[PDB]
>>> print(open('work-v8.txt').read())   # compact mmCIF, C-alpha atoms
# COMPACT_ATOMS: atom_id res chain seq x y z
CA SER A 677 -61.43 56.37 55.97
CA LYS A 678 -60.74 56.92 59.71
CA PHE A 679 -63.10 53.97 60.12
CA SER A 680 -61.02 50.85 60.88
CA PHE A 681 -59.61 49.52 64.14
CA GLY A 682 -56.01 49.72 62.90
CA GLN A 683 -55.96 47.49 59.80
CA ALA A 684 -55.78 43.69 59.62
CA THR A 685 -52.37 42.02 59.86
CA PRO A 686 -51.15 38.47 59.18
CA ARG A 687 -51.78 38.03 62.91
CA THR A 688 -55.48 38.15 61.98
CA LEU A 689 -54.93 35.14 59.70
CA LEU A 690 -53.47 33.09 62.56
CA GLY A 691 -56.26 34.53 64.69
CA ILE A 692 -58.77 32.75 62.47
CA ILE A 693 -56.74 29.53 62.66
CA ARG A 694 -56.45 29.40 66.45
CA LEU A 695 -60.11 30.30 67.03
CA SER A 696 -61.25 27.63 64.57
CA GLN A 697 -58.98 25.09 66.26
CA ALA A 698 -60.27 26.22 69.66
CA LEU A 699 -63.95 26.16 68.64
CA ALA A 700 -63.72 22.67 67.13
CA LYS A 701 -61.67 21.38 70.06
CA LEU A 702 -64.43 22.47 72.46
CA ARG A 703 -66.94 20.17 70.74
CA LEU A 704 -64.45 17.24 70.98
CA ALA A 705 -64.18 17.32 67.18
CA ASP A 706 -60.97 16.04 65.61
CA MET A 707 -61.55 17.99 62.37
CA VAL A 708 -62.50 21.59 61.58
CA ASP A 709 -64.99 22.69 58.93
CA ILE A 710 -66.62 25.87 57.60
CA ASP A 711 -69.20 25.88 60.42
CA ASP A 712 -66.38 26.90 62.79
CA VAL A 713 -64.06 28.77 60.41
CA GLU A 714 -66.90 31.17 59.64
CA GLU A 715 -67.57 31.40 63.38
CA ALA A 716 -63.90 32.26 63.90
CA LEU A 717 -64.18 34.93 61.20
CA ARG A 718 -67.39 36.11 62.88
CA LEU A 719 -65.64 36.87 66.17
CA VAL A 720 -62.92 38.98 64.52
CA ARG A 721 -65.69 41.04 62.91
CA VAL A 722 -68.37 41.27 65.62
CA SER A 723 -65.84 42.76 68.06
CA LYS A 724 -65.59 45.98 66.04
CA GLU A 725 -69.38 46.39 65.83
CA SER A 726 -69.70 48.30 69.12
CA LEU A 727 -68.02 51.31 67.50
CA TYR A 728 -70.81 51.58 64.91
CA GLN A 729 -73.80 51.41 67.28
CA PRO A 740 -89.17 45.42 39.61
CA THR A 741 -88.59 47.81 36.70
CA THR A 742 -85.09 48.39 38.09
CA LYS A 743 -84.50 44.62 38.12
CA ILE A 744 -85.21 44.68 34.37
CA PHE A 745 -83.40 47.94 33.59
CA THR A 746 -80.20 46.74 35.27
CA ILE A 747 -79.93 43.94 32.70
CA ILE A 748 -80.40 46.51 29.92
CA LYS A 749 -77.71 48.73 31.44
CA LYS A 750 -75.38 45.73 31.70
CA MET A 751 -75.98 45.00 28.01
CA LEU A 752 -75.44 48.68 27.19
CA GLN A 753 -72.00 48.18 28.74
CA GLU A 754 -71.36 44.86 26.97
CA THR A 755 -72.46 45.88 23.46
CA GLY A 756 -73.67 49.48 23.76
CA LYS A 757 -75.93 49.41 20.70
CA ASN A 758 -78.68 52.01 21.12
CA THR A 759 -81.25 50.28 18.91
CA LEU A 760 -85.03 50.37 19.24
CA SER A 761 -85.60 46.69 18.44
CA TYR A 762 -84.29 44.20 20.97
CA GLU A 763 -83.58 40.48 20.82
CA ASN A 764 -81.12 39.94 23.68
CA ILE A 765 -83.21 41.87 26.23
CA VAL A 766 -86.42 39.93 25.58
CA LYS A 767 -84.61 36.59 25.86
CA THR A 768 -82.73 37.32 29.09
CA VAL A 769 -85.70 38.96 30.84
CA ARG A 770 -87.87 35.98 29.89
CA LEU A 771 -85.18 33.63 31.21
CA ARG A 772 -85.18 35.65 34.45
CA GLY A 773 -88.82 34.66 35.02
CA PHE A 774 -90.67 37.79 33.90
CA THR A 775 -93.64 37.92 31.55
CA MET A 776 -93.25 40.10 28.47
CA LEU A 777 -96.17 42.30 29.56
CA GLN A 778 -94.02 43.53 32.45
CA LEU A 779 -91.13 44.03 30.04
CA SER A 780 -93.38 45.90 27.60
CA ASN A 781 -94.50 48.22 30.40
CA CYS A 782 -90.88 48.62 31.52
CA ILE A 783 -89.72 49.57 28.01
CA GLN A 784 -92.73 51.86 27.54
CA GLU A 785 -91.88 53.76 30.74
CA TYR A 786 -88.21 54.19 29.81
CA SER A 787 -89.22 55.28 26.31
CA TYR A 788 -90.85 58.25 28.04
CA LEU A 789 -88.15 58.45 30.74
CA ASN A 790 -85.38 59.94 28.56
CA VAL A 791 -83.96 56.53 27.54
CA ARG B 668 -15.65 40.05 69.04
CA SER B 669 -19.11 39.03 67.82
CA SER B 670 -21.82 39.61 65.23
CA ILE B 671 -24.99 41.56 66.00
CA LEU B 672 -28.40 40.80 64.51
CA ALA B 673 -30.95 43.47 65.43
CA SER B 674 -34.62 44.12 64.69
CA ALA B 675 -36.23 47.54 65.10
CA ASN B 676 -39.87 48.54 64.88
CA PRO B 677 -40.66 51.72 62.91
CA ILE B 678 -41.09 55.02 64.71
CA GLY B 679 -44.61 55.09 66.09
CA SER B 680 -46.98 52.39 64.85
CA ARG B 681 -46.18 51.70 61.19
CA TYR B 682 -43.77 52.92 58.53
CA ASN B 683 -44.78 56.28 57.07
CA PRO B 684 -43.40 57.09 53.58
CA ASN B 685 -44.14 60.81 54.07
CA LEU B 686 -41.27 61.12 56.53
CA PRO B 687 -37.73 60.42 55.27
CA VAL B 688 -36.11 57.06 55.94
CA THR B 689 -33.83 58.49 58.65
CA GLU B 690 -36.85 59.87 60.55
CA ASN B 691 -38.52 56.44 60.74
CA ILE B 692 -35.41 55.02 62.45
CA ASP B 693 -34.66 55.95 66.06
CA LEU B 694 -30.90 55.54 65.61
CA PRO B 695 -28.41 58.43 65.49
CA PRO B 696 -26.27 58.46 62.33
CA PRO B 697 -23.08 57.38 64.17
CA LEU B 698 -24.78 54.15 65.26
CA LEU B 699 -26.76 53.80 62.02
CA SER B 700 -23.56 53.96 59.94
CA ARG B 701 -22.01 50.89 61.58
CA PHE B 702 -24.62 48.36 60.45
CA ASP B 703 -23.54 46.57 57.28
CA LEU B 704 -27.13 45.97 56.12
CA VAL B 705 -30.42 47.62 57.06
CA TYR B 706 -33.44 45.84 55.59
CA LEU B 707 -36.59 47.90 55.01
CA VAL B 708 -39.23 45.16 55.20
CA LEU B 709 -42.50 46.65 53.95
CA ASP B 710 -45.95 45.05 54.08
CA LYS B 711 -47.91 45.47 50.85
CA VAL B 712 -51.55 44.59 50.17
CA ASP B 713 -51.02 43.00 46.75
CA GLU B 714 -52.79 39.64 46.45
CA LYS B 715 -50.27 38.53 43.80
CA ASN B 716 -47.86 37.98 46.71
CA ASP B 717 -50.31 37.76 49.62
CA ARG B 718 -52.03 34.66 48.22
CA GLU B 719 -48.71 32.89 47.63
CA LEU B 720 -47.70 33.74 51.20
CA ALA B 721 -51.07 32.47 52.44
CA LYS B 722 -50.54 29.12 50.69
CA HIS B 723 -47.05 28.77 52.17
CA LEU B 724 -48.40 29.42 55.68
CA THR B 725 -51.53 27.28 55.34
CA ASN B 726 -49.71 24.21 53.96
CA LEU B 727 -47.82 23.73 57.25
CA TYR B 728 -50.31 22.95 60.05
CA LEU B 729 -51.78 19.61 58.90
CA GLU B 730 -50.37 16.55 60.69
CA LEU B 742 -31.10 20.96 52.40
CA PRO B 743 -31.67 19.72 55.96
CA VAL B 744 -30.29 21.50 59.00
CA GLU B 745 -27.58 18.87 59.44
CA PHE B 746 -26.37 19.46 55.87
CA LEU B 747 -26.65 23.23 56.35
CA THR B 748 -24.62 23.35 59.57
CA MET B 749 -22.12 20.88 58.12
CA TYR B 750 -21.85 23.17 55.09
CA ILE B 751 -21.50 26.31 57.22
CA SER B 752 -19.00 24.78 59.64
CA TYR B 753 -16.84 23.62 56.72
CA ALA B 754 -16.75 26.99 54.95
CA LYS B 755 -15.83 28.95 58.09
CA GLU B 756 -12.98 26.50 58.73
CA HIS B 757 -11.33 26.07 55.32
CA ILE B 758 -12.33 28.97 53.03
CA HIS B 759 -10.19 32.13 53.21
CA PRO B 760 -10.93 34.21 50.10
CA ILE B 761 -8.61 36.94 48.82
CA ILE B 762 -9.86 39.94 46.85
CA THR B 763 -8.51 39.99 43.29
CA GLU B 764 -7.13 42.98 41.41
CA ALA B 765 -10.09 43.13 39.01
CA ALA B 766 -12.63 43.11 41.84
CA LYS B 767 -10.80 46.02 43.49
CA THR B 768 -11.99 48.61 40.96
CA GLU B 769 -15.67 47.71 41.44
CA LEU B 770 -15.59 48.56 45.15
CA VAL B 771 -14.07 51.97 44.38
CA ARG B 772 -16.61 52.90 41.71
CA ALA B 773 -19.60 51.63 43.69
CA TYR B 774 -18.76 53.79 46.72
CA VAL B 775 -17.93 56.85 44.60
CA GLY B 776 -21.28 56.64 42.82
CA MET B 777 -23.07 56.08 46.11
CA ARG B 778 -21.23 59.04 47.65
CA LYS B 779 -21.92 61.22 44.60
CA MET B 780 -25.66 61.31 45.44
CA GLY B 781 -25.31 64.26 47.79
CA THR B 792 -25.11 59.28 54.35
CA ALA B 793 -22.44 57.26 52.53
CA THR B 794 -19.95 56.96 55.37
CA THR B 795 -16.86 54.80 54.90
CA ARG B 796 -18.34 52.23 57.30
CA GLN B 797 -20.52 51.13 54.39
CA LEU B 798 -17.46 50.59 52.18
CA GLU B 799 -16.01 47.99 54.54
CA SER B 800 -19.53 46.53 54.68
>>> encode(input="work-v8.txt", output="C-alpha cells")
Amino acid sequence: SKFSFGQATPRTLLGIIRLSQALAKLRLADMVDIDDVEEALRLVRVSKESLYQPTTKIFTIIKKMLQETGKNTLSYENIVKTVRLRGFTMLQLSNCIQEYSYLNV
Amino acid sequence: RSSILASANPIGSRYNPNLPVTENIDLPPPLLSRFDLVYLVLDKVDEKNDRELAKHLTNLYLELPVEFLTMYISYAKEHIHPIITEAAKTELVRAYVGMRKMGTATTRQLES
C-alpha cells in the first residue's frame, strides 16, 4: 500500500518481549502481565503515528441471515427472535421491515 | 585447507522474486560456482508455520546433548572413510546431466 514503515519482522516480536521485560522491571515487578505487554505493543505502534498526522443495526442481522440461509420469504421467525433477543421492541422491527419493504428489499 | 561458512544479505533490502536469482546475489559466477550449497532462506507470512515458530521461541525465556554430539562428530571424522560404490556412480552422472540439460551447472557442483 506504500503505507507501512518497512514491514514487521521477527525482531518486532523480540521487541515486544524486551520492552515488556523492561517496563515490568522498572516497577520492581518480578512478573509481567498484559498491562505491560499491551504497553510494549503500544510503543511499537505509536511510533509510526507521526507519519499519519438503529435500522442498520437491525438490517445487518437480516443480511447476515440472508447469507446463512438466503431464503427470501415474507414471513419471518428467525429475525423476530434474534432482534428481540438483541433488546429491541417489535414496534421498531415492524417499522424497520416496513421501511425496507418500500426500500427495494 | 579449511571449510567456509558464509551468510549474505539479499541485494538491496529484501529478496525480490521479480529479478532472477543471480541478480539478487552480489557474487560473480566464478565465485558463486565454488560453493557446494547456497540456501535461499525466504520469510513467508503463513501463520501455519509462523505460529509454530512463535511457540518454539516463546517457550524458551521462562526460568542429544552437545557432549554426545561432539563425541559423535569427533568419532566419525576419525574412523569413517566411505568409498563410493559402483551402483552409486551412475546416479551422480545422471543427476548432473539432467541438471546441465536445463539450458549455471558448472562442474564445481558435481564435486559438491
>>> interface_residues(input="work-v8.txt", of="chain A", to="chain B", cutoff="12 Å", atoms="only C-alpha atoms", output="ChimeraX atom specification")
/A:682-690,692-694,697,706-708
>>> atom_distance(input="work-v8.txt", atom1="CA of residue 786 (chain A)", atom2="CA of residue 767 (chain A)")
18.4 Å
>>> residues_around(input="work-v8.txt", residues="residue 673 (chain B)", least_positions_apart="3", cutoff="12 Å", atoms="all atoms listed in the file", output="PyMOL selection string")
chain B and resi 670+676+699+702-706
>>> residues_around(input="work-v8.txt", residues="residue 707 (chain B)", least_positions_apart="2", cutoff="12 Å", atoms="all atoms listed in the file", output="NGL selection string")
:B and (674-677 or 682-684 or 688-689 or 691-692 or 704-705 or 709-710)
>>> residues_around(input="work-v8.txt", residues="residue 797 (chain B)", least_positions_apart="4", cutoff="12 Å", atoms="all atoms listed in the file", output="PDB file with C-alpha atoms, in the frame of the given file")
ATOM      1  CA  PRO B 697     -23.080  57.380  64.170  1.00  0.00           C
ATOM      2  CA  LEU B 699     -26.760  53.800  62.020  1.00  0.00           C
ATOM      3  CA  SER B 700     -23.560  53.960  59.940  1.00  0.00           C
ATOM      4  CA  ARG B 701     -22.010  50.890  61.580  1.00  0.00           C
ATOM      5  CA  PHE B 702     -24.620  48.360  60.450  1.00  0.00           C
ATOM      6  CA  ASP B 703     -23.540  46.570  57.280  1.00  0.00           C
ATOM      7  CA  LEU B 704     -27.130  45.970  56.120  1.00  0.00           C
ATOM      8  CA  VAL B 705     -30.420  47.620  57.060  1.00  0.00           C
ATOM      9  CA  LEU B 770     -15.590  48.560  45.150  1.00  0.00           C
ATOM     10  CA  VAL B 771     -14.070  51.970  44.380  1.00  0.00           C
ATOM     11  CA  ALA B 773     -19.600  51.630  43.690  1.00  0.00           C
ATOM     12  CA  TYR B 774     -18.760  53.790  46.720  1.00  0.00           C
ATOM     13  CA  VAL B 775     -17.930  56.850  44.600  1.00  0.00           C
ATOM     14  CA  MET B 777     -23.070  56.080  46.110  1.00  0.00           C
ATOM     15  CA  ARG B 778     -21.230  59.040  47.650  1.00  0.00           C
ATOM     16  CA  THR B 792     -25.110  59.280  54.350  1.00  0.00           C
ATOM     17  CA  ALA B 793     -22.440  57.260  52.530  1.00  0.00           C
TER      18      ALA B 793
END
>>> atom_distance(input="work-v8.txt", atom1="CA of residue 756 (chain A)", atom2="CA of residue 791 (chain A)")
13.0 Å
>>> closest_residue(input="work-v8.txt", among="A:783, A:677, A:714, A:746", to="residue 762 (chain A)", atoms="all atoms listed in the file")
A:783
>>> atom_distance(input="work-v8.txt", atom1="CA of residue 717 (chain A)", atom2="CA of residue 708 (chain B)")
27.6 Å
>>> closest_residue(input="work-v8.txt", among="B:798, B:753, B:715, B:748", to="residue 767 (chain B)", atoms="all atoms listed in the file")
B:798
>>> axis_aligned_box(input="work-v8.txt", around="region 685-689 of chain A", padding_each_side="3 Å", output="AutoDock Vina command-line options")
--center_x -53.3 --center_y 38.6 --center_z 61.0 --size_x 10.3 --size_y 12.9 --size_z 9.7
>>> residues_around(input="work-v8.txt", residues="residue 695 (chain A)", least_positions_apart="6", cutoff="9 Å", atoms="only C-alpha atoms", output="list in words")
residues 712, 713, 715, 716, 717 and 719 of chain A
>>> decode(input="work-v8.txt", residues="region 718-767 of chain B", atoms="C-alpha atoms", output="JSON list (two decimals), in the first residue's frame")
[["chain", "number", "residue", "atom", "x", "y", "z"],
["B", 718, "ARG", "CA", 2.55, -19.73, 14.96],
["B", 719, "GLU", "CA", 4.63, -22.90, 15.39],
["B", 720, "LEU", "CA", 7.79, -20.78, 15.20],
["B", 721, "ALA", "CA", 6.29, -18.36, 17.73],
["B", 722, "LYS", "CA", 5.64, -21.20, 20.19],
["B", 723, "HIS", "CA", 9.19, -22.51, 19.79],
["B", 724, "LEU", "CA", 10.62, -19.04, 20.52],
["B", 725, "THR", "CA", 8.24, -18.18, 23.37],
["B", 726, "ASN", "CA", 8.76, -21.47, 25.25],
["B", 727, "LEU", "CA", 12.42, -20.62, 25.93],
["B", 728, "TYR", "CA", 12.61, -17.49, 28.14],
["B", 729, "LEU", "CA", 10.94, -18.69, 31.37],
["B", 730, "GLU", "CA", 13.36, -19.58, 34.18],
["B", 742, "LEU", "CA", 21.24, -35.37, 22.01],
["B", 743, "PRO", "CA", 23.36, -33.11, 24.23],
["B", 744, "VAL", "CA", 26.36, -31.20, 22.94],
["B", 745, "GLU", "CA", 28.76, -33.64, 24.61],
["B", 746, "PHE", "CA", 27.13, -36.55, 22.79],
["B", 747, "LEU", "CA", 27.06, -34.56, 19.55],
["B", 748, "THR", "CA", 30.74, -33.59, 19.62],
["B", 749, "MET", "CA", 31.67, -37.11, 20.73],
["B", 750, "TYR", "CA", 29.64, -38.41, 17.78],
["B", 751, "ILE", "CA", 31.19, -35.94, 15.33],
["B", 752, "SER", "CA", 34.75, -36.46, 16.57],
["B", 753, "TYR", "CA", 34.35, -40.23, 16.22],
["B", 754, "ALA", "CA", 33.01, -40.14, 12.65],
["B", 755, "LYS", "CA", 35.73, -37.81, 11.36],
["B", 756, "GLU", "CA", 38.36, -40.13, 12.88],
["B", 757, "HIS", "CA", 37.20, -43.62, 11.90],
["B", 758, "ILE", "CA", 34.75, -43.39, 8.97],
["B", 759, "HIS", "CA", 36.24, -43.33, 5.46],
["B", 760, "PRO", "CA", 33.44, -44.14, 2.99],
["B", 761, "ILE", "CA", 34.08, -45.36, -0.56],
["B", 762, "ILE", "CA", 31.66, -44.72, -3.41],
["B", 763, "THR", "CA", 30.16, -47.93, -4.78],
["B", 764, "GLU", "CA", 29.69, -48.87, -8.43],
["B", 765, "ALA", "CA", 25.89, -48.59, -8.25],
["B", 766, "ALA", "CA", 26.02, -45.11, -6.72],
["B", 767, "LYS", "CA", 28.33, -43.97, -9.54]]
